[PDB]
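# Commentary on secondary and tertiary structure
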Amino acid sequence: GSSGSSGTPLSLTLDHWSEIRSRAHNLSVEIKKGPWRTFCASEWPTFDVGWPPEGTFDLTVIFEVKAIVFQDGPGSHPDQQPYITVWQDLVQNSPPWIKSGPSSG
């Protein structure tokens with residue numbers, strides 16, 4: 001099971017901003033490294049769902065923010081939509097810079 005106290009997602013992501021930007025291109029979306037942080041600074045963790053200030057690669061927690069983000073009305077976040085989306089893509093396609101393991105076989 002996953003359990004450790006080292007390295008953060010926000011940092012892991014920001015570190016591989018290039019990758020985050022790539023996922024956006026493949027998704028046909030554009031994002032910044034300034035807001036990406038802000039939104040993951042005190043925006044997502046301030047939505048009231050269970051999102052940490054450091055971030056998390058939990059589809060569950062992701063879907064939570066995405067839920068509010070992809071909500072109905074002026075509340076929806078069309079700017080974070082592409083941001084939270086990537087976060088979702090990250091989980092799905094867990095990168096090696098994110099999840100490291102031997103993987104026997």
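Notes on the structure follow.

Another aspect to go through is the pattern of salt bridges. Per the stated rule, a full pass over the model turns up 2 salt bridges. We note a salt bridge from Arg 23 to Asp 89, for which the minimum N-O separation is 3.7 Å. Taken together, the residues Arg 23 in helix α2 (residues 17–27) and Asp 89 in helix α5 (residues 81–92) connect sequence positions 66 residues apart. On the basis of relative accessible area, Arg 23 is assigned to the buried category, the value being 10%. Salt bridges sharing common partners tie together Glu 19, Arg 23 and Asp 89.

It is worth spelling out the packing of helix α3 (residues 33–42) against α5 at this point. One way to put it is that α3 packs onto α5 with a least axis distance of 10 Å and a crossing angle of 80°. The angle between α3 and α5 falls in the class roughly perpendicular. Listed contacts from α5 to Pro 35, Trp 36, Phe 39 and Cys 40 of α3 are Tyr 83, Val 86, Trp 87 and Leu 90. Broken down by class, the residue content of the contact of α3 with α5 amounts to 8 nonpolar, no polar and no charged.

The next point concerns the packing of aromatic side chains. Under the criterion given, the structure shown has 10 aromatic pairs. On the basis of an interplanar angle of 70° and a centroid distance of 6.4 Å, the ring pair of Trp 36 and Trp 44 is categorised as edge-to-face. Comparing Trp 36 with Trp 44 shows no difference in burial state: the two are buried. Measuring from ring centre to ring centre gives 5.8 Å for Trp 44 and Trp 87, while their planes differ by 85°; the resulting arrangement is edge-to-face. With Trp 44 in the loop between α3 and α4 (59–69) and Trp 87 in helix α5, this residue pair connects regions lying 43 residues apart in the sequence. What makes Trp 87 buried here is its relative accessible area of 0%. Grouping aromatic residues by their ring pairs yields a cluster made of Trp 17, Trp 36, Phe 39, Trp 44, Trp 51, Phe 57, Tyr 83, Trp 87 and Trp 97. Seen from the ring of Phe 63, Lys 66 lies directly overhead, with NZ or CZ sitting 4.6 Å from the centre. When the ring centre of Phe 70 is taken as origin, the NZ or CZ atom of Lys 66, which lies over that ring, is 5.6 Å away.

Parameters and conventions
- Residues numbered from 1 in each chain as written, not as in the entry; some residues may be left out.
- Heavy atoms only, no water.
- Salt bridge = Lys/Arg side-chain N within 4 Å of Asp/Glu carboxyl O.
- Helix = DSSP H or I, 4+ residues; strand = E, 2+ residues; numbered from the N terminus.
- Buried < 20%, exposed > 50% of the residue type's maximum accessible area, 1.4 Å probe, protein only.
- Axes fitted to C-alpha atoms, helices over the stretch in contact; angles between N-to-C directions.
- Parallel < 35°, antiparallel > 145°, perpendicular 65-115°, else oblique.
- Contact = heavy atoms within 4.5 Å.
- Nonpolar A, V, L, I, M, F, W, Y, C, P; charged D, E, K, R; others polar.
- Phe/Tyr/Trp six-rings, centres within 6.5 Å; stacked < 30°, edge-to-face > 60°.
- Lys NZ or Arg CZ within 6 Å of the ring centre and 35° of its normal.

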